[PDB]
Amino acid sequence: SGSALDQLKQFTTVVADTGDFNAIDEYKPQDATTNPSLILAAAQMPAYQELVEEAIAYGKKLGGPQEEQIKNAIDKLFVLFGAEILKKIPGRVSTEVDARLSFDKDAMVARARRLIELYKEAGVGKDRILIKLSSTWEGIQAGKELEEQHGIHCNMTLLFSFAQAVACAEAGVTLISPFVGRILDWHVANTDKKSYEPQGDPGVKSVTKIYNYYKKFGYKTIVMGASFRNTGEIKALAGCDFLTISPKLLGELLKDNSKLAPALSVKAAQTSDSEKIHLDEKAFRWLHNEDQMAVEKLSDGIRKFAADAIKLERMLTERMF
């Protein structure tokens, strides 16, 4: 069973990145992560229409204007998928609060507590939940507050710049989801190089820098590389605390028999060069702005998740009204 997947598991905790809960346990992941785009995709599958129907019933039950009924249905839907996923894994599932709240700290904290409450009603303790939030300054502060004030653990996503990584570390959030694949995308579409080797992959370099910094300075926030375009990127990050991978690439790793070696370790990180820095809001916003790719990928990532949430909403509205 010496597949690249089984080998990877010796150095990194594997996480499944999908809303399709029937395609998980094959890869035996510890945790699982979902996002608006993944839920939208799964909610469109014939095999999960019962969850959609149940979510619609819930929205109607609480009443109010269509926007309210749709809001409750979508939250119920995210939680239904989360609850089903938890039956396929022994760990945690990440559930993301609507991206349209990415610049509203208080609204994110409120929506996070609402989801948690919905999970509780489903018989799920918050110990098995990771509330996912956009890594904007307000999202990061919402995470800090959720962690400290409510014991609600968060997964900071759409993490592209070093500024975001530092802010998350200082905020003490449970976990960060620094992207790899979308960073490669930006470089392909914005530079004179369309191909990169694993170690040279811009996304790999980003996570590598973040990992080393976190470990060198002892931050306990979990580093989970996310978003992948190929298995090379994943292998180049062997050793990272966690790695959330789509079922497609997990299947590929399961069929790969090449020998894999750890590329990241705490011991080696303690030798890295990055200097420690502290960031208040001002410093964070400036340093983030210095990373063009990050500014653009965080911005576009928020718009895409909002767009997908709206698509899911149009789907629901058409059926419940």
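A residue's number is simply how far along the shown sequence it sits, counting from 1.
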Tell me which of 45-53 and 27-35 has the higher mean C-alpha B-factor in the deposited entry. 45-53
Out of 63-71 and 265-273, which one has CA B-factors that are higher on average in the deposited record? 265-273
Per the entry's Cα B factor values, which of 193, 92, 144, 100 stands out as the maximum? 193
Scanning 237, 169, 189, 129 for peak Cα temperature factor in the entry gives 189
Using the B-factor values recorded in the entry, state whether the Cα atom of residue 296 falls in the lowest, middle or highest third among the modelled residues of its chain. lowest
Grab the CA temperature factor for residue 18 from the record and place it in the lowest, middle or highest third of its chain. lowest
Comparing against every modelled residue in the chain, figure out the third that the C-alpha B-factor of residue 106 lands in (lowest, middle or highest). middle
Would you please rank residue 227 by its C-alpha temperature factor against the other modelled residues of its chain and give the third it falls in: lowest, middle or highest? middle
How does the C-alpha B factor of residue 136 compare with the rest of the chain: lowest, middle or highest third? lowest
